[PDB]
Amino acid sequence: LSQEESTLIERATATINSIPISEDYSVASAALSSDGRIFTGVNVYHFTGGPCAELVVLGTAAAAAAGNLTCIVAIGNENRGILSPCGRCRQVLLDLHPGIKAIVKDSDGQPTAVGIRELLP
């Protein structure tokens, strides 16, 4: 990944580590816009489909007229590190930001940014 993309990991990690330990708010996400800005968010757990952290980030970016997002990552609390977006997120990301990459762990546990279509054939 680029150093710009590497900053997303730092930002999402700082976000989740900065809030009280919660079962409702347990994952942070950060995304990079095509114009260089970073947007963050935290998940909202609910059985009716409370948004994943990634979806909160999408709404936060949209609130800032961010336009295209080029990369996204999610980081779990309790030092869990990078978590791949769930299938719901993969679908919303493909549909609203088809040019986006997601940061996931490679075969060696190392961060890599992959095109959303690779995660949702």
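Numbers for residues come from their place in the sequence shown, where the first is 1.
As recorded in the PDB entry, 92-100 is the stretch of 46-54 and 92-100 with the greater mean C-alpha temperature factor. Look at the mean CA B-factor for 12-20 and for 102-110 in the entry; the higher one is 102-110.
In this PDB entry, the Cα temperature factor of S34 sits in the middle third of its chain's modelled residues. Split the chain's modelled residues into thirds by C-alpha temperature factor. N79 is in the highest one.
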